[PDB]
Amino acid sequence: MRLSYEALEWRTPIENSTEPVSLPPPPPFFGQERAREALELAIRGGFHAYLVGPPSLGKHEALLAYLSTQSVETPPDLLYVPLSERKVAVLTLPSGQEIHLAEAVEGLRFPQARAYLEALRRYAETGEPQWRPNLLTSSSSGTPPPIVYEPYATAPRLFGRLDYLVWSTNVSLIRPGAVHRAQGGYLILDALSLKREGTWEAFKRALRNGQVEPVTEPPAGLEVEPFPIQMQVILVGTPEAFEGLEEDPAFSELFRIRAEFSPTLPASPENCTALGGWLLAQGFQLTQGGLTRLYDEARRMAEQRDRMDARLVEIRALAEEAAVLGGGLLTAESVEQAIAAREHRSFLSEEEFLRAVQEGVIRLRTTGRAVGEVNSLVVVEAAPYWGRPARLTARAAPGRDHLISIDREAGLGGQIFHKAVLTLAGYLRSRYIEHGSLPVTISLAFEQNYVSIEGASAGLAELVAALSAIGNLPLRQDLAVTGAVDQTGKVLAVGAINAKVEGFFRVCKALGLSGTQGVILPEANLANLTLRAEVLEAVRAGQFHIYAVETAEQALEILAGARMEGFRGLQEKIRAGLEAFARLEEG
């Protein structure tokens, strides 16, 4: 099927583009129900939890805002008291009450402070010439609760430190760490940091056994008694950041509640609107046009007509660049130009590539017809992931049912690539049986490919080239091709469909548009097409053409300008080619 401009258009229409936006801030965790409800449960039940989602989601910001709205009982006073001259314990009094104990001591009624006072009793009994409570923390409300985010999870920062006054030390030289500051509230840490600092095991011992040891230096140490830990820990990390941790059975035991963010949200008015409010809260001066463009780029970042990328910090970062281009103002234009400027800043490799193509240093065709040749479409695996066309040739000779992927034999093709070739072979053997095993050897080469290549998305291109070589069928070089194929010859979905399409358009444009150039792609990828303005208008101008297909044969018909049947059709020519190949092989 041909995809009209109408079918291809996916952009949000803009009305009153320069009108300022005025909208209330959405609540934290908007469009992230799962994560919020998981977090809600964790709060309600006092469970430890971990927030998991890709980078740049705004997980930290969402977390701190959510915990900002919370209410707890005012935290107890927290102190170290000595139980000896070489021992100290961690103790809670009700709040503000340590200063009465401290001052009573400052002389020389508090039920909780018993053991400290018992051992507080023989200077007079031996003239024997360090003893006053060390306050760690105290606060005047549990609203908001204690919220301590320690991004750098070293032992001292988690557990506090011993200072040494020359060396001697005592209770008053013990400083607290994040763990102490988070009592009665929330401690937030990064999973990656716990690993990189090697403090995971000591962190388990604090949670599981209440061991919280101030960091020493390797003269003499105070023993420090364990105490019952009162805090809720929330870990933050990417899915990969948590896999080091999930292998330790201790992790799932300790952190029962997963709070997982979706990498995308439904592309809805309610999320567009929520995005506007969030941008306004961030301090941007936003126009309707600017909001609409950012909302659409978010859909395009997701490669989904019906979803939008949830990475609020990526969207904010693009908005920041747009703002500078609009002189402080976030307009449609400012956003289009900021998107275009990022592309330009990373365009050197494509400009080099296009120059090479224009010079013939890379040999590519975008017009005419040729047998056993097709433009397939690849993606360069370096950000920002430019698509490019790659010329693929198929050559058929009489031989013993062999399909040779030259790139995979040479060691450039990966496993999934190899699998795609074997799948085609399964198709061809089982499809053409009248001569027993296939009477041809077919060799496939990505012609000027000097690098490793991986994936199944060349399946369709390879199969149609093979069929062309088999039947001597001239194929259009003005349509590039992408798609995977299964063993039954159906065409399956591929990745990076926008980059692939846009990359062929870019070479066609650089060589001068013919007016008949285009791309053939999987019907299954229709939901992924979020093509850039310039390709859309070229399709609207009749200057470029997209075909969606469901089978390999459908693709071959478009390429060889004919139907499989109505014999004189392509199928009899393919059969005729095989008959010829079989005769040369046997007689």
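A residue's number is simply how far along the shown sequence it sits, counting from 1.
- Per the record, residue 108 and residue 109 are separated by a gap of 10 or more residues from the deposited sequence that were not modelled.
- Missing coordinates between residue 166 and residue 167 amount to 4 to 9 residues of the deposited sequence.
- On average the C-alpha atoms of 206 to 214 have higher B-factors than those of the other stretch, with 420 to 428 and 206 to 214 being the two compared.
- Relative to its counterpart among 219 to 227 and 267 to 275, 219 to 227 has the higher mean temperature factor, C-alpha atoms as listed in the PDB entry.
- Annotation for 260, 454, 409, 73: 73 ranks highest, by Cα B-factor.
- Across 345, 86, 256, 476, the entry's maximum B-factor at the CA atom is seen for 86.
- Annotation for residue 554: CA B-factor lies in the middle third of the chain's modelled residues.
- Among all modelled residues in its chain, residue 316 ranks in the lowest third by Cα B-factor.
- Residue-level temperature factors show residue 505 in the lowest third of its chain, judged at the C-alpha atom.
- For residue 65, the recorded CA temperature factor ranks within the highest third of the chain's modelled residues.
- Among the modelled residues of its chain, residue 329 has a C-alpha B-factor that falls in the middle third according to the deposited record.
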